[PDB]
């Protein structure tokens, strides 16, 4: 039975990371800010908040808006998530040293929650106002949810597959999972993978608010996202996109790339429980963690750190606490980055995967913000107060998305 530990799978390393967040457009600055206890969450200044009198008046816009980097041409030719993908793709390749790779061994896998949806409404409006010939010949390629991955694959020249998994909050982690599979099954030697997501606007707020899924602690925005805290009251939107470069250890060594961490295994399960609520017992979500360990060749006692999904909904954090216990990982040091960065849906699993890599690289876990009165019914070792420096050898990143999609990624220190 093949595993990374027993050599049945090739060794796969993470060699570059990039992200744009509510704290910073630079991932190393985001990381420094997280360690300093900074939050990206603010009072929403946009006109649409007062226009609709939204119950939610907080969130984290990108520190550096994607379109401050987009000229007239890109604003014409691409949907928002495509522009974010193009921006992150070029940043990642530069960060990797702009390597010359074999396009036929190079894959792209980028998840997203929705796609180029603003272009659906625009095309609708243009046709209503001017007839069918006022729809752009570019409408299809901007609207299609595979569009961001296709843009990145075309930009970087990836000819070993361009894939787009859609699984809501787990999309960006699932993308990394499928990129790992594409390499270990022999279809590729190198892959760009992660997730992109659109911005905060009034309709997204209304849609998730009507599930009671979002915090309404508007008077103290940086205090609103409280994963595992007794007084949590839902998640906070925090915009992001994130990509990483993974490749076989042999491929990295042959080009002089220095690994930041190892990607050891990936588990994908499903709850088949409810269309938006996670299963209370945490069993299938814990099984995704277990499966990632089976493929890595690890036991639960090896897991020093869990980067929680931790959205700060009442039911979600309780389900995840059961999942971590089910997987035998409840002695691990737990971090919930949505406490500081908010929830970026289809990007967030990729962002948190990057954070897990940086935790392993630097031997430090940032504080979970707002963890002040731990929920009495949840007993996890949540890092809080200030960063915890420790000997983290292996870690699991959790993403448990709406729809019941469970993805666990097992990483190791390089």
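Positions refer to the first chain, counted from 1.
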| query | finding |
| --- | --- |
| 251 to 259 set against 319 to 327, stretch whose average Cα temperature factor tops the other in the entry | 251 to 259 |
| Residue range whose averaged C-alpha B-factor is higher in the record, 367 to 375 or 352 to 360 | 367 to 375 |
| From 164, 136, 141, 269, residue of greatest CA B-factor | 136 |
| Residue with maximal Cα B-factor (values as given in the PDB entry) among 195, 199, 310, 99 | 99 |
| Chain-relative CA temperature factor third for residue 239 | lowest |
| For residue 346, the third of its chain into which the C-alpha B factor falls | lowest |
| Residue 62 by Cα B-factor - lowest, middle or highest third of the modelled chain | lowest |
| Residue 284 by Cα B-factor - lowest, middle or highest third of the modelled chain | middle |
| Residue 115 - which third its CA temperature factor falls in, relative to the rest of the chain | lowest |
